[PDB]
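Chemist: pasting the first chains of the complex, positions unchanged:
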Amino acid sequence: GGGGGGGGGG
């Protein structure tokens, strides 16, 4: 029903 992004490092 959608889809996940991920954040990055920092």
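Modeler: Structure's in. What do you need? Residues are numbered from 1 along each chain as shown, chains lettered A, B, ... in the order given.
Chemist: burial of residue A:8, as a residue count?
Modeler: 4 (other CB atoms under 10 Å). Every C-beta, even on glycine, is put in place using the N, C-alpha and C of the backbone.
Chemist: residue A:7 too?
Modeler: Neighbours of residue A:7 (other CB under 10 Å): 5.
Chemist: repeat that for residue A:2.
Modeler: Counted with other CB under 10 Å, the neighbours of residue A:2 add up to 3.
Chemist: mind checking which helix or strand residue A:9 is in?
Modeler: Secondary structure from DSSP states H and E places residue A:9 outside every helix and strand.
Chemist: from residue A:3, how far out is it?
Modeler: 21 Å (CB to CB, to the nearest Å).
Chemist: same check, this time on residue A:10
Modeler: With CB to CB as the criterion, residue A:10 and residue A:3 are 23 Å apart.
Chemist: now name the helix or strand holding residue A:2.
Modeler: Per DSSP H and E, there is no helix or strand for residue A:2.
Chemist: same deal with residue A:5?
Modeler: Per DSSP H and E: nothing holds residue A:5, as it lies in no helix or strand.
Chemist: need the contact list for it.
Modeler: Not one residue lies near residue A:5 by CB atoms under 8 Å, 6 or more residues apart in numbering.
Chemist: likewise residue A:6?
Modeler: Contacts of residue A:6 (CB under 8 Å, 6+ apart): none.
Chemist: for it, give me phi and psi.
Modeler: Backbone torsions for residue A:6, taken as degrees, to the nearest 10, come to phi -120, psi 150.
Chemist: as chain B, please add this:
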Amino acid sequence: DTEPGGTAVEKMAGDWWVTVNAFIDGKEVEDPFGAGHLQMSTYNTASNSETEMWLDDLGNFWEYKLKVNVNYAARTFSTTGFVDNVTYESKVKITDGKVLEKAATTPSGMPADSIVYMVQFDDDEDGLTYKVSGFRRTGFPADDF
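Modeler: Below, chain B sits with the chains from the block before:
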């Protein structure tokens, strides 16, 4: 080429590493309170004027934070009389304050921006005028204290 932008008073805002002297008996006294280098901040106002900026000691000296007036073209800032402190209900008076481009030098030996301003506190029972002066924080930890 895209101009990044900036708050109306951008060139005088920033984080700073400052030291606080005092004029006692006409001769300047290098760091009386035994303070070491302290951190402080200057930043634009919510009204985004090019005529007033905030001045914030971040609680590392007297615990003060007031709007100064601002002469952007000249790179100077100053109060007219004693003004409401916002941190803890007091009054502060900033005088002969300036922001001098790349005039200073860092601990690592690189140029940076000197800041200098004279200040007084309505509940300084000694009635003293202090001399705050530092430079703009680099971010390199070697240029920290």
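Chemist: re-run the earlier check on the neighbour count of residue A:2 with chain B in the model.
Modeler: Neighbour count of residue A:2, defined by other CB atoms under 10 Å in any protein chain shown: 3.
Chemist: now it: how far from residue B:107?
Modeler: 51 Å.
Chemist: can you check residue A:10 too?
Modeler: 26 Å.
Chemist: compare these two (neighbour count), which wins?
Modeler: Taking other CB under 10 Å, residue A:10 and residue B:107 do not tie; residue B:107 has more neighbours (15 against 3).
Chemist: isn't that one right up against residue B:135?
Modeler: No. Contact criterion CB atoms under 8 Å: residue B:107 and residue B:135 do not qualify, at 9.1 Å.
Chemist: so what's residue B:8 up against?
Modeler: If you count contacts by CB atoms under 8 Å, 6 or more residues apart in numbering or on different chains, residue B:8 has them with B:44, B:48, B:49, B:50, B:72.
Chemist: I misspoke; the intended subject was residue B:113.
Modeler: Counting by CB under 8 Å, 6+ apart, residue B:113 has contacts B:14, B:99, B:100, B:101, B:102, B:103, B:104, B:135, B:136.
Chemist: run a quick neighbour tally on residue B:140.
Modeler: Around residue B:140 there are 11 residues (other CB under 10 Å).
Chemist: can I take it that residue B:15 is in a strand?
Modeler: Yes. Looking at residue B:15 with DSSP: H, G, I helix; E, B strand; the rest coil, it is inside a strand.
Chemist: now it, nearest residue through space, not along the chain?
Modeler: residue B:137 (4.2 Å; CB to CB, 6 or more residues apart in numbering or on different chains).
Chemist: if you tally nearby residues, what's the number for the one you found?
Modeler: Count around residue B:137 with other CB under 10 Å applied: 19.
Chemist: tack on chain C:
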Amino acid sequence: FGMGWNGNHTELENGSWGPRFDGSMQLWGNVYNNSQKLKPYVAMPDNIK
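Modeler: If we add chain C to the chains shown above, we get the following:
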């Protein structure tokens, strides 16, 4: 500005939130065989082009 986070300097960042460019020699990247690459902290505009 160059490599860093929170505005501070950093040898390993995947991003450019660091101090203003000094031109001053700084470290970057990992340590291999007890050595490390050391280079002028200068911008390189073409580095993707």
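Chemist: the contacts of residue B:8 again please, this time with chain C.
Modeler: Per CB under 8 Å, 6+ apart, neighbours of residue B:8: B:44, B:48, B:49, B:50, B:72.
Chemist: same thing with residue C:8?
Modeler: Applying CB under 8 Å, 6+ apart to residue C:8 gives the contacts B:139, B:140, B:141, C:18, C:19.
Chemist: try residue B:61
Modeler: Applying CB under 8 Å, 6+ apart, the residues near residue B:61 are B:20, B:33, B:35, B:38, B:40, B:132.
Chemist: state the helix or strand in which it lies.
Modeler: Residue B:61 belongs to no helix or strand, assigned by DSSP H and E.
Chemist: any idea what residue B:20 is bridged to?
Modeler: With DSSP bridges as the criterion, residue B:20 is bridged to residue B:132.
Chemist: thinking again about what came up before, closest one of the contacts of residue C:8 to chain A?
Modeler: Proximity of the contacts of residue C:8 to chain A (CB to the nearest CB) peaks at residue C:18, which lies at 10.9 Å.
Chemist: now the residue nearest to the closest one when sequence neighbours are not counted: how far from residue B:102?
Modeler: Distances taken as CB to CB, 6+ apart place residue C:4 nearest to residue C:18, at 2.1 Å, with adjacent residues excluded. Going from residue C:4 to residue B:102 by CB to CB gives 21 Å.
Chemist: please list the residues of chain C that sit near chain B.
Modeler: Selection of chain C residues close to chain B by CB under 8 Å from any CB of the partner chain yields C:4, C:7, C:8, C:9, C:18, C:19, C:20, C:22, C:24, C:26.
Chemist: need the contact list for the fourth one.
Modeler: Yep, that's residue C:9 we're talking about. B:139, B:140, B:141, C:2, C:3, C:18, C:19, C:26.
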